[PDB]
4 protein chains.
Amino acid sequence: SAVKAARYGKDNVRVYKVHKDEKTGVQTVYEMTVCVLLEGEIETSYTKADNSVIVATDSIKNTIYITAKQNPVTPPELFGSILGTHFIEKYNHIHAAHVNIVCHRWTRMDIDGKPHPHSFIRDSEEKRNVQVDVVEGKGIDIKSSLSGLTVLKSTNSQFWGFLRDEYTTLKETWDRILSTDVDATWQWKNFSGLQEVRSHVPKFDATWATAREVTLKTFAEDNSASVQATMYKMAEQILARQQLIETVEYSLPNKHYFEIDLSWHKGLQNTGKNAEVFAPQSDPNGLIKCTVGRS
Amino acid sequence: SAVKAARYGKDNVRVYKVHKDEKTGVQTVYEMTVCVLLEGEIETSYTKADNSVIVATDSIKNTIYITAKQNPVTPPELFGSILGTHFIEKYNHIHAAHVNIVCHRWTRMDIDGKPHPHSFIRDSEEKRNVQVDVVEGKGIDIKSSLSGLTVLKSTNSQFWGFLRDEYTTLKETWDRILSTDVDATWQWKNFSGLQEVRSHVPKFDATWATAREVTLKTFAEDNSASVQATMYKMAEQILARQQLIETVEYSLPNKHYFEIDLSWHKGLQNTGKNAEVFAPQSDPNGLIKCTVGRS
Amino acid sequence: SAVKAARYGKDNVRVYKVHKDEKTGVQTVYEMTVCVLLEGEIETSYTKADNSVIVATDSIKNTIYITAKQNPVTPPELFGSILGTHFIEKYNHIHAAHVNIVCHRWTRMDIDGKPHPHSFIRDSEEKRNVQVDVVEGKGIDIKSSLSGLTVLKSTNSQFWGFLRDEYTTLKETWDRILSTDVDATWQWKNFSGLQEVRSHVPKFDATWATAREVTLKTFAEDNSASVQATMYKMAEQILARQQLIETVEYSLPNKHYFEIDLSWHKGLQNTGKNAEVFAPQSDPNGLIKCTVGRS
Amino acid sequence: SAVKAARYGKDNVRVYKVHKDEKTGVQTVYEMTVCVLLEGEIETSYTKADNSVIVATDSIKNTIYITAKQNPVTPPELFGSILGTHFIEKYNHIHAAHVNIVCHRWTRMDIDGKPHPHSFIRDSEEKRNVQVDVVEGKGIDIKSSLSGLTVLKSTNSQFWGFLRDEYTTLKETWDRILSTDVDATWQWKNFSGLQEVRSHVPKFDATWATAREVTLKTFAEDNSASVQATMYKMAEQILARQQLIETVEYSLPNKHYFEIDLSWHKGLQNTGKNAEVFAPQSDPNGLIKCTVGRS
Ligand SMILES: O=c1[nH]c(=O)c2nn[nH]c2[nH]1
Ligand SMILES: O=c1[nH]c(=O)c2nn[nH]c2[nH]1
Ligand SMILES: O=c1[nH]c(=O)c2nn[nH]c2[nH]1
Ligand SMILES: O=c1[nH]c(=O)c2nn[nH]c2[nH]1
Ligand SMILES: O=c1[nH]c(=O)c2nn[nH]c2[nH]1
Ligand SMILES: O=c1[nH]c(=O)c2nn[nH]c2[nH]1
Ligand SMILES: O=c1[nH]c(=O)c2nn[nH]c2[nH]1
Ligand SMILES: O=c1[nH]c(=O)c2nn[nH]c2[nH]1
Ligand SMILES: [Ar]
Ligand SMILES: [Ar]
Ligand SMILES: [Ar]
Ligand SMILES: [Ar]
Ligand SMILES: [Ar]
Ligand SMILES: [Ar]
Ligand SMILES: [Ar]
Ligand SMILES: [Ar]
Ligand code: NA
Ligand code: NA
Ligand code: NA
Ligand code: NA
């Protein structure tokens with residue numbers, strides 16, 4: 001037996017950081033959960049009880065906090081690059097650092113029409129994420145995402161013309177509900193290293209903002225032929241708005257809302273154009289996925 | 001042995017309703033989760049296998065959907081009243097209906113700064129709830145609430161002057177983070193029946209709105225002496241702003257964010273006035289409750 | 001306004017304790033999660049910012065760990081009694097301590113058919129819980145329970161003879177699946193204080209054991225007329241088997257498994273006597289509650 | 001823009017099946033949750049609103065149930081092969097079917113020392129899983145796993161001799177608690193197709209049983225130098241007990257239990273050899289991973 005792959009590190013490290021401004025007395029809060037896993041010359045920790053090669057998970061945890069103290073934690077693509085870079089440079093035998101960050105929302109409250117200096121609400125469970133893979137002499141690979149963006153539209157979604165065979169019972173429809181939790185991911189052109197990441201910093205926030213705006217617009221506006229068809233259109237527009245993106249990937253549950261036939265009860269009319277009351281189905285769910293690239 | 005108490009029915013009934021305004025084309029969606037439990041002369045179903053007294057849970061589920069088709073599902077206080085009244089009126093032997101409703105958020109999307117006619121986002125897992133107890137002979141008892149409203153302020157929270165003895169290690173502070181998940185409940189004066197509830201319908205949405213607005217402003221503006229002191233201020237203000245409320249209750253976790261001493265590492269200064277990076281603590285948590293009434 | 005009711009303290013305190021028998025080398029582990037909330041002359045902390053009356057939640061957490069070090073953590077009824085008594089005795093102005101304990105399973109592993117001295121498996125998320133209310137002047141009130149015990153029988157459950165009207169669609173059955181998550185609670189007779197609780201210690205583990213054994217056997221053997229009828233039988237048997245119990249309560253979801261009509265596909269026969277494949281329904285669920293006492 | 005990859009299907013399909021024996025009157029229950037996603041000539045459903053190529057998720061759901069009716073659902077490696085095979089053979093344009101199955105525990109109850117014919121308990125939240133990738137003209141790739149097997153040992157785990165630098169605070173130890181949730185996966189030699197899978201059926205259950213036995217034994221018995229070192233030993237033994245396995249992969253959280261220093265309180269002694277009461281840490285957690293193969 002031989003180790004074919006191994007990585008190890010610290011997961012679920014919660015981090016908060018505050019910035020306090022001088023002139024303004026305005027405060028800004030940032031909260032994330034971090035995972036850093038390491039690869040390199042570590043097989044012997046597995047094979048020969050040889051702990052000498054292990055940078056302790058505990059130490060990795062310390063290093064996340066220290067790093068957060070020493071640098072801005074925003075945007076997470078930068079923070080993750082910085083953090084990941086630290087590990088491969090500091091330790092000879094460590095050849096890759098994989099950093100996952102989930103950013104939690106803390107949105108400034110408006111009180112009596114004006115933004116509060118130091119009070120925040122978690123205004124959605126929606127997250128902003130990165131996966132930052134820092135690989136020694138292979139550069140920095142970044143995937144940015146939004147996830148947990150839960151949306152519904154009450155009309156202007158259709159699904160007809162699919163294969164019908166001896167397995168099919170689904171009725172065609174020209175007017176249904178569409179609901180999903182959006183998980184959208186954009187993969188950056190490889191960066192040669194930390195310096196290169198630093199040259200692009202403003203694009204990170206801008207491309208997140210774009211991806212979200214494009215998701216919501218296309219979802220709201222598209223008289224959708226299918227989930228397949230609507231996600232495609234979103235991805236097209238995202239690629240067309242940022243050249244440093246190689247691929248855009250959506251993963252979309254179809255969270256079904258069934259009509260309820262009430263006609264058995266006093267001829268109550270609640271289907272087709274009369275449909276008002278629906279039963280949201282917790283399971284199962286359609287799951288539709290797509291990765292889109294340049295020709 | 002004897003039955004001392006008994007209730008039964010259907011829990012976790014998901015319900016969506018859509019309104020379509022045919023003039024404007026604007027749709028509005030409502031989604032909830034409903035529990036109905038019944039009490040009455042039902043002891044024999046437990047003692048003698050007498051199913052003749054059971055309105056089947058399956059039937060209670062049908063009834064929920066039927067009632068939602070036949071009536072507005074909003075405000076939940078009204079819907080719950082209507083649903084519970086149905087059971088005590090329809091079935092001679094049923095003497096109480098206990099209706100719990102959790103309302104889920106579907107906030108109309110703004111696309112390019114105008115509200116979209118039929119697209120919605122779940123902005124946060126905050127809920128608005130009611131518990132409506134319809135009791136034959138004893139009118140309609142309603143408790144409304146909001147829950148899962150998660151907030152944080154980065155400053156203007158203090159906690160000093162608490163008891164200190166051989167069990168105490170907590171340092172006094174004049175500047176700490178305060179973060180909670182707000183569960184606030186207002187108990188209505190007893191209503192004589194459906195007719196009286198229908199006559200106060202506007203007060204429901206307005207008292208909810210007040211409860212939320214006070215919570216948010218008080219949390220944001222109060223320079224807090226404790227969770228105890230700040231939650232009292234919210235409750236007193238809510239009572240003063242709606243006469244038909246008898247009590248306000250808050251239940252508030254103290255979601256601790258601990259300073260991290262980084263001084264062991266390169267003399268890093270991260271405590272007291274220099275604290276910027278903190279460790280959010282998932283558990284344990286303080287929990288602080290109050291019920292506030294009129295003197 | 002005035003405070004009508006108030007309690008506060010520390011929730012979600014995780015506690016592990018190990019016993020080591022130095023003769024045998026056998027270790028036993030216990031793990032729980034503890035909540036302590038206090039009542040007393042504490043109104044001024046809410047009304048006047050008087051922190052002098054607050055035993056800090058942080059201190060209550062310290063106290064939990066200290067008490068667990070100084071005493072057996074088992075049975076939970078005893079531990080809870082000891083912990084709650086500490087608060088009402090130590091602090092003049094605290095008049096009640098409400099102690100909730102959830103005990104987690106760590107079952108000793110069998111390796112090659114002998115029990116291992118110091119290795120354990122979490123066999124299921126079933127819990128054993130207590131709520132111990134220590135009230136100055138009014139003794140010690142204990143409710144014990146078991147919760148999260150998930151069971152299913154594939155046959156020997158019936159449900160016919162229920163009311164049928166214009167709201168009913170459920171077909172009668174003489175053979176259906178029955179599945180539940182058992183939450184069962186036994187309320188102890190009031191104890192005068194710690195001394196009396198200590199004098200009945202063996203009755204705790206034995207009454208838990210009885211409660212579980214009866215639940216399991218009755219569920220397995222009863223040819224059930226309803227959830228109502230079967231849960232009553234459990235409760236009556238538990239009361240008859242421990243005199244110091246005043247009430248037994250059950251709360252039981254009916255976790256529905258629906259037949260699937262496959263006849264549209266190749267005449268496939270999957271209903272009634274031919275039913276083998278079923279669709280477990282996540283929601284909604286029947287919910288059936290009883291409290292049973294002595295006549 | 002062009003689709004670079006796409007798959008779609010039905011997720012979270014719950015399935016129960018019962019077998020009833022003639023001679024014995026013994027019943028056996030099986031419960032799983034199924035996901036099937038499809039690949040093939042489907043890009044046009046994304047790019048050209050062309051639903052003609054879509055086998056409806058609804059239909060895929062039907063097909064899971066029908067398949068379950070027509071075949072044993074055990075072992076899941078076979079069921080998944082059968083189900084996946086169905087899709088690539090039935091539909092010309094579908095070239096791969098990816099089947100994930102999670103098997104839920106329903107363990108026969110012993111009542112009064114004898115196994116009950118038709119009553120079952122969910123005796124752990126531990127799962128048995130497969131991922132079955134059926135790829136047209138590439139055969140059937142199977143990965144089997146167990147997950148959610150939560151274990152703790154109170155002693156006979158060590159962690160010393162790791163790198164110490166300016167980032168390290170962790171103390172070395174020769175006696176600690178070790179707790180983890182085991183996620184162990186074994187990847188089968190590629191099978192050429194359904195016929196080949198059928199020739200190996202008994203090995204599926206045997207290899208699952210082996211993997212579990214080996215995990216628990218090695219965990220209980222190994223005076224572990226590190227998580228890294230203990231997982232390695234498990235994987236070694238698994239490979240050495242079944243030739244049709246190419247690789248074994250473990251992913252193991254280190255669920256930390258901290259000592260609690262109580263000496264500040266009355267010189268209470270609770271560390272090193274005196275350590276009895278520990279604080280279980282919900283987060284963060286060490287995460288250690290390893291894939292092991294034949295030389
Ligand atoms: O077993 C362990 N492996 C590690 O890599 C580690 N780091 N901190 N503690 C640890 N324990
Ligand atoms: O109302 C329904 N719509 C569907 O799409 C469906 N599929 N299975 N059952 C169903 N019921
Ligand atoms: O606001 C607070 N209330 C309390 O009762 C407390 N105890 N510790 N910290 C605390 N903070
Ligand atoms: O930084 C800390 N603050 C606290 O209030 C506390 N209580 N336990 N440990 C602690 N650490
Ligand atoms: O056991 C049952 N009790 C009920 O009250 C019921 N209602 N529908 N099905 C049911 N099954
Ligand atoms: O098969 C079913 N059984 C039921 O009891 C039921 N109730 N609603 N739909 C149902 N389908
Ligand atoms: O948008 C959809 N895509 C599908 O593949 C599908 N299958 N059933 N319903 C569906 N809706
Ligand atoms: O008791 C502790 N043990 C540890 O391993 C540790 N790491 N950070 N803090 C800690 N406290
Ligand atoms: Ar952060
Ligand atoms: Ar979509
Ligand atoms: Ar609704
Ligand atoms: Ar507060
Ligand atoms: Ar414990
Ligand atoms: Ar039952
Ligand atoms: Ar199954
Ligand atoms: Ar391990
Ligand atoms: Na390196
Ligand atoms: Na009545
Ligand atoms: Na007292
Ligand atoms: Na094919």
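Ligands are counted one by one from 1 in listed order, and the atoms in each one are counted from 1 as well. Hydrogens, waters and symmetry mates play no part in the numbers below; they use all other heavy atoms, side chains included. Numbers restart at 1 for each chain; the letters A, B, ... are given by sequence-line order, proteins then strands.
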Within less than 3.0 Å of the Na ion (ligand 20), the count of protein N, O or S atoms comes to 4

Contact region, C/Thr169 to ligand 6, non-hydrogen atoms below 4.0 Å, reads neither

The protein heavy atom nearest to atom 11 (N) of ligand 6 is C/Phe258 CD1, 3.5 Å

In this structure, atom 8 (N) of ligand 6 is nearest to the protein heavy atom B/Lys61 NZ, 3.0 Å

query = Under the 3.5 angstrom rule, does the side chain of C/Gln228 hit a backbone N or O of C/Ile288 as a donor-acceptor pair?
reply = no

Is [X] salt-bridged to [Y], cutoff N-O under 4.0 Å?
X	Y	answer
B/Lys255	B/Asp181	yes
D/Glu39	A/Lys289	no
D/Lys138	D/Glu136	no

Numbered in order shown, the ligand 6 atoms found under 4.0 Å of a heavy atom of C/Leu170 are 5 (O)

A student checking ligand 6 against B/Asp58 at a 4.0 Å heavy-atom cut-off should list atoms 6 (C), 7 (N), 8 (N)

Shortest non-hydrogen pair, A/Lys10 vs A/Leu37, comes out as N-CD2, 4.4 Å

Parallel, tilted or perpendicular: which fits the ring planes of C/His265 and A/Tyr167, with parallel below 30° and perpendicular above 60°?
tilted

Angle class for the D/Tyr91/D/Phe87 ring planes (parallel below 30°, perpendicular above 60°, tilted otherwise)? parallel

### Query
Do any heavy atoms of C/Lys171 fall under 4.0 Å from ligand 6?
no

Contacts of B/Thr33 meeting side chain to side chain donor-acceptor pair (under 3.5 Å) (sequence neighbours excluded), chain-then-number -> B/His104

**Asked** Would you say the side chain of A/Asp58 lies within less than 4.5 Å of the side chain of A/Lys61, judging by non-hydrogen atoms?
**Response** yes

